[PDB]
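In the form deposited in one PDB entry, a lone chain appears below as structure tokens.
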């Protein structure tokens, strides 16, 4: 049987749920309990963290523009997701999704992580560039599991303290 229901118009779906895409992630999962985690992400979002996904991530910026702050070969790079662009991110490439425009929508598809395969969430110092804090988690929901982690980083100067130059990461207002 069609465990996930019948086909349906995606634009309309997005229009009807536009109001539910809210910060910090701007996340919204289409189907529940599937192997393919299919989501729509809108803006304005609020991310200061770099995600280290053990699996690939597929992107398709359907509406508006956004960009990904990356760490490619040890360098802070930027990959723009112009409306209409698709992109496949290899596993583990660190990325921080910046989606500043309202009414924006990006199709993001990922995979359920097998038990034992953890996702990493990191922060880097804006001063020396050194890694400030890393949290590894067995992710069960890219929708609900994210904010709580960010909250604990923002609420702790000890976590935000760079082990290289003692500079304390801005946190919530970064």
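Throughout, rigid core stands for the largest set of C-alpha atoms superposing within 1.5 Å between the two forms. Numbering follows the first chain given and starts at 1.
One more form of this protein, deposited in another entry, exists but is not displayed; see below.
Student: Pick from 118, 135, 55, 143: whose Cα moves by 2 Å or more between the shown form and the other one, rigid core superposed?
Tutor: Going through each option, the one that shifts is 143.
Student: Hey, does residue 161 budge by 2 Å or more at the Cα between the shown form and the other one once the core is superposed?
Tutor: Residue 161 C-alpha, core-superposed: shift of less than 2 Å.
Student: On a rigid core superposition, would residue 25 pass a 2 Å threshold for CA movement between the shown form and the other one?
Tutor: Residue 25 C-alpha, core-superposed: shift of 2 Å or more.
Student: Quick one: residue 24 and residue 159 C-alpha atoms, closer or farther in that other deposited form compared with this form (3 angstroms or more)?
Tutor: Residues separate in that other deposited form, at least 3 Å farther apart.
Student: Might you say whether the CA atoms of residue 48 and residue 23 end up closer or farther apart in that other deposited form than in this form? Their distance differs by 3 Å or more.
Tutor: Residue 48 and residue 23 sit farther apart in that other deposited form.
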